[PDB]
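**Q**
Protein chains: 2
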Amino acid sequence: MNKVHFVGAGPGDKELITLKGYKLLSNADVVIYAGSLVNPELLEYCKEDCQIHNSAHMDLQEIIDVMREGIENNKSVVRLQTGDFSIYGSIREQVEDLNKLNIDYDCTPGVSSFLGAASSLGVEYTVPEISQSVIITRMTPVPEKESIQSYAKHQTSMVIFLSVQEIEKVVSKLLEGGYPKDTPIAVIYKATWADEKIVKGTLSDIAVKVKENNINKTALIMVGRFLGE
Amino acid sequence: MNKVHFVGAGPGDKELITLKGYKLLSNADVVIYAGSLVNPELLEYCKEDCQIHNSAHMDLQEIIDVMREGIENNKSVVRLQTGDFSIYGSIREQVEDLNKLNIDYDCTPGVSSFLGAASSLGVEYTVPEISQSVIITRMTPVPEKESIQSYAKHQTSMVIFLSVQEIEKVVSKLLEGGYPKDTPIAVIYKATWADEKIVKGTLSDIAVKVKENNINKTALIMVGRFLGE
């Protein structure tokens, strides 16, 4: 067909889009991107006469109209979403709405920010005799068997998306599920963007280190012995 | 400098390498790739007069010699590793060995196969009111607090890398940690490669479905209610 193309933008760096992503983007007639969550530098890969829409200022129905009209005028349509949409992506709404209308689409994965964060930190989640797993979660209430404390019990590597002001709740949940105070932890803002910042520490001292970096906005926290390497 | 470039190849599809990855690869004088784990089609992006080495037939020290000699003749050196090396990547050996020699390097992340698997399945690990987390693990013995049964207790979404013949041990561990028999599950071989295959089912019937697909080799298993969407 001329499918609507859902494209993972990667974690911030211009060049961390997939080759496939880049081809579709650089050929798109209509692009719908996520506001300030997607790096604007990406948009420079688009055609001179491309029509850009910023979903951040749009309701669902407007995105869809924009999509449908792209299809009906035989225009290549790309919806750029941050990192990958299989982890915190809200792509279901748009898909169901397109089924409703009988519009073919496809999906092109991207590099998750937690992958970006690791490379950026030159670190490996899975490290022999230390951990063979990762738990990925994020921090208004949460069922017990899915809480940070509960996941902490495994003492494996963890990735936690948070709002940063909530640092003290999460540290205390980590200690509560039994991570020791010296457990290494890192907090990364805008992993792989030009402005990325990394605050390294342990469970006791990072609350302070985060406040004293003042750095606001959402972050990844990475927790575990795997930071010891 | 002229750093040794560690590059994530992505999950199999030629075009799912990052743009950055592609530039480095298409300019490399020396490439060291992982045997049959990396798709050979990628190698076609290399210069006519590029020197290819297949780590699969090499010990550590040979890789390093090959690296060092690239640097000393001012040759761009790319080590291509499958998916991303922060999850099951064994990049530590090569890095420590390069520190030893004082050789600058850098790291370029790629699309993990479990991301490839999701897009390929058009599915989302995190789905509102169903799960806000993912546990990523793999299946010769394993400590209790890090076993599949133990992780199963959270009833969240799981990704498990296995050898496929081991399907029955893992199903029984899943049920044991309390996933119900009707829990959807999928097994994917070579996610995003031309030959990828998807066996969809539930916990009771998938052991059979896998045997009767005969399909050998390593797979991803994906488990959870999140497959119900």
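Those sequence lines, one after another, are chains A and A'. A prime marks a further copy of an entry chain. Mapping of the first sequence onto the deposited numbering: residues 1 to 139, 143 to 232, in sequence order. Mapping of the second sequence onto the deposited numbering: residues 1 to 139, 143 to 232, in sequence order. From the three backbone atoms N, C-alpha and C, an ideal C-beta is built for every residue, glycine too.
1) So which residues on chain A' does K20/A lean against when the C-beta distance must stay under 8 Å?
2) Could you please give the first and the last residue of the uninterrupted beta strand (DSSP E) stretch that includes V31/A?
3) With a Cβ-Cβ cutoff of 7 Å, do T82/A and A34/A count as a contact?
4) Could you check which residue in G227/A, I201/A, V162/A has the C-alpha nearest to that of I87/A?
5) Starting from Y192/A, trace the beta strand (DSSP E) in both directions and tell me its first and last residue.
6) How many Å lie between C46/A and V173/A' at the Cα?
7) Could you tell me which residues DSSP pairs with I163/A' in its beta bridges?
8) According to the Cβ coordinates, are residue 141/A and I136/A' closer than 7 Å?
9) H157/A versus chain A': which residues are under 9 Å apart at the beta carbon?
10) Would you mind working out which of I17/A, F229/A, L177/A sits nearest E124/A, comparing C-alpha positions?
11) On the criterion of 16 or more Cβ atoms from any shown chain inside 10 Å, does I170/A qualify as buried, or is it exposed?
12) What beta strand (DSSP E) runs, 3 residues minimum, are completely inside the stretch 85-120 of chain A'?
13) Residues in its own chain within less than 6 Å of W196/A by CB, not counting five upstream and five downstream?
14) In this structure, how does DSSP classify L230/A when only helix, strand and coil are distinguished?
15) Who are the near neighbours of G10/A' in its chain, counting only those whose CB is closer than 6 Å to its CB and skipping five residues on each side?
16) From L177/A to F114/A', what does the alpha carbon distance come to, in whole angstroms?
17) Which of the three DSSP states, helix, strand or coil, is assigned to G204/A?
18) Can you give the Cα-Cα distance for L42/A and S36/A, rounded to whole angstroms?
19) Under a three-way DSSP split, which group does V7/A' fall into?
20) Could you run through the stretch 106-117 of chain A and flag, in chain order, every residue whose CB is less than 9 Å away from some CB of chain A'?
21) Is any beta-carbon of chain A found at less than 7 Å from that of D198/A'?
22) So for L37/A, helix, strand or coil by DSSP?
23) As a quick exercise: from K3/A, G8/A, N39/A, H157/A, pick the residue whose alpha carbon is nearest that of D29/A.
24) Beta-carbon of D84/A versus every beta-carbon of chain A': anything under 7 Å?
25) CA-CA distance, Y182/A' and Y105/A'?
26) Within 10 angstroms of its Cβ, does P146/A collect 16 or more other Cβ (buried), or is it exposed?
27) Quick one: is the Cβ of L16/A' within less than 6 Å of any heavy atom of the ligand GDP?
28) Along chain A', in chain order, which residues have C-beta atoms closer than 7 Å to that of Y88/A?
29) For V123/A', return the contacting residues in chain A, with the cut-off set at a CB-CB distance below 8 Å.
30) Please state the DSSP three-state secondary structure of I170/A'.
31) Can you give me the Cβ contacts of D185/A inside the same chain, cut-off strictly under 6 Å, excluding the 5 residues immediately before and after it?
32) Please name the residue, chosen from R79/A, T126/A, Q61/A, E62/A, that lies closest to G89/A' on a Cα-to-Cα basis.
33) From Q152/A to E62/A, what does the alpha carbon distance come to, in whole angstroms?
**A** So, to answer that:
1) Reading the first sequence from its first residue, position 20 is the one you call residue 20/A. Within chain A', the residues near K20/A are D13, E15, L16.
2) Here residue 31/A is taken as the residue at index 31 of the first sequence, counted from 1. Segment 30-33, the beta strand (DSSP E) holding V31/A.
3) Position 82 of the first sequence, counted from the start, is the residue given in the question as residue 82/A. Position 34 of the first sequence, counted from the start, is the residue given in the question as residue 34/A. Taking 7 Å as the Cβ cut-off, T82/A and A34/A qualify as a contacting pair.
4) In the first sequence, the residue the question calls residue 87/A occupies position 87. When each option's Cα is compared against that of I87/A, the closest is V162/A.
5) In the first sequence, residue 192/A corresponds to position 189, counting from 1. First-last of the beta strand (DSSP E) with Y192/A: 187-192.
6) Here the question's residue 46/A lines up with position 46 in the first sequence. Here the question's residue 173/A' lines up with position 170 in the second sequence. Taking the straight line joining both Cα atoms gives about 46 Å.
7) Along the second sequence, one-based indexing puts residue 163/A' at 160. The partner list for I163/A' (beta bridge, DSSP) reads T137/A', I224/A'.
8) Absent here is residue 141/A, because the residues of chain A run from 139 on to 143 with nothing modelled in between.
9) The sequence position of residue 157/A within the first sequence is 154, counting from 1. Here the neighbours are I135, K148, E149, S153, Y154.
10) The residue labelled residue 124/A in the question sits at position 124 within the first sequence. Closest option to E124/A, Cα to Cα, is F229/A.
11) The residue labelled residue 170/A in the question sits at position 167 within the first sequence. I170/A is buried by the Cβ-count criterion.
12) 105-108
13) Walking along the first sequence from the start, residue 196/A turns up at place 193. Taken in chain order, the residues that qualify are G12.
14) Taking the first sequence and counting its residues from 1, one reaches residue 230/A at position 227. In the structure shown, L230/A sits in a helix (DSSP, three-state: H, G or I).
15) In the second sequence, the residue the question calls residue 10/A' occupies position 10. So the qualifying residues of the chain are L16, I17, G110, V111.
16) Here residue 177/A is taken as the residue at index 174 of the first sequence, counted from 1. Here residue 114/A' is taken as the residue at index 114 of the second sequence, counted from 1. Cα-Cα distance, rounded: 26 Å.
17) Position 201 of the first sequence holds residue 204/A. In this structure, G204/A counts as strand in the three-state DSSP scheme.
18) Within the first sequence, the letter at position 42 stands for residue 42/A. Within the first sequence, the letter at position 36 stands for residue 36/A. If I take the Cα positions, the gap works out to 12 Å.
19) In the second sequence, residue 7/A' corresponds to position 7, counting from 1. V7/A': strand per DSSP, three-state reduction.
20) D106, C107, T108, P109, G110, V111, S112, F114, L115, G116, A117
21) Numbered from 1 along the second sequence, position 195 holds the residue referred to as residue 198/A'. With 7 Å as the cut-off, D198/A' does not count as an interface residue toward chain A.
22) The sequence position of residue 37/A within the first sequence is 37, counting from 1. It is coil, neither helix nor strand.
23) Here the question's residue 29/A lines up with position 29 in the first sequence. Selected option, being the one with the closest Cα: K3/A.
24) Start at 1 with the first residue of the first sequence, and residue 84/A comes out as number 84. Cβ-Cβ to chain A' under 7 Å: yes for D84/A.
25) Indexing the second sequence from 1 puts residue 182/A' at position 179. Indexing the second sequence from 1 puts residue 105/A' at position 105. C-alpha separation (whole angstroms): 44 Å.
26) By one-based count along the first sequence, residue 146/A stands at place 143. Exposed.
27) This structure simply doesn't include the ligand GDP, nor any ligand for that matter.
28) The sequence position of residue 88/A within the first sequence is 88, counting from 1. In chain order: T126.
29) Within the second sequence, residue 123/A' is the residue found at index 123, counting from 1. Chain A residues near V123/A': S86.
30) Here the question's residue 170/A' lines up with position 167 in the second sequence. In this structure, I170/A' counts as helix in the three-state DSSP scheme.
31) Numbered from its first residue, the first sequence carries residue 185/A at position 182. The answer, listed in chain order, is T205.
32) By 1-based counting over the second sequence, the position of residue 89/A' is 89. Measuring from the Cα of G89/A', the nearest candidate turns out to be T126/A.
33) Mapped onto the first sequence, residue 152/A falls at position 149. Mapped onto the first sequence, residue 62/A falls at position 62. Each residue's Cα considered, the two are about 40 Å apart.
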